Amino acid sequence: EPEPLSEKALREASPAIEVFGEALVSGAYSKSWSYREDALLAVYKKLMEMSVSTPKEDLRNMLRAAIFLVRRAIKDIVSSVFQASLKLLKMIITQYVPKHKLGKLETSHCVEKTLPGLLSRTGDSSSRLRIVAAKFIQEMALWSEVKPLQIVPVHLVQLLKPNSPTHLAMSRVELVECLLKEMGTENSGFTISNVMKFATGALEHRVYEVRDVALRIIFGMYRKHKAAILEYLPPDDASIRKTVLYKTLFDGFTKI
């Protein structure tokens, strides 16, 4: 058996316990990584095998309990556990919700409860994991169930603090750059306004490599939206060119 749940865990995981039983949840909370992976794979199996005749309220409660466990496991240091959480999350969004016609409110809940944690992992000190997490976010943004919600792009363009951790910041600017290229600004969630707010914010970041991606984003936009971009930025003059970024920006525009 997995070790007993702490008193803290029993109350917080009550809805999950109600749905899956204490044994499974104890596995999910176990200090043993194999018990955690097994628990998540068991949740995957339990949800996949739910008959369509299951009352909708039960199916919703089960989704919510599964997402509770997913949200925890997205933080896992062990790759097999993290991967099982992604497998489960992708299944809930792309298979379970549509199978049971639960509605896009449930899809929204899945994304909103997990995206912040997924984004956190893109700040990991190991490149392997940063890439895994960012690629999953990229794929989730483009799933047919998720794209029309316009959730992912909006989350990605939220303020980036100038002192934010380098790996986290780099992953964020690269995600925006990548998804913006692929999705554009029509019905995606990205707009000239929210991209420019994000990118110009990122230009203040302390790390050159971060600012450089922000410049690429702006140059990309400028090619398509010259007037809007120039109207957004401070006006070009001799004084502002004393800062290297703006010299680069405005000279770059003139090069384009």
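Throughout, we count residues from 1 along the sequence that is shown.
- For the pair 183-191 and 64-72, the record assigns the higher mean C-alpha temperature factor to 183-191.
- For the pair 228-236 and 11-19, the mean B factor over Cα atoms is greater in 11-19.
- Take 85, 107, 163, 138 and read off each C-alpha B-factor from the entry; 163 has the highest.
- Among all modelled residues in this chain, the alpha-carbon of residue 177 has a temperature factor (C-alpha) in the middle third.
- In the PDB entry, a CA B factor belonging to the lowest third of its chain's modelled residues is recorded for residue 198.
- Placement of the Cα temperature factor of residue 44 within the chain: lowest third of the modelled residues, per the deposited record.
- In the deposited entry, the Cα temperature factor of residue 124 sits in the top third of values across the chain's modelled residues.
- Split the chain's modelled residues into thirds by C-alpha temperature factor. Residue 217 is in the lowest one.
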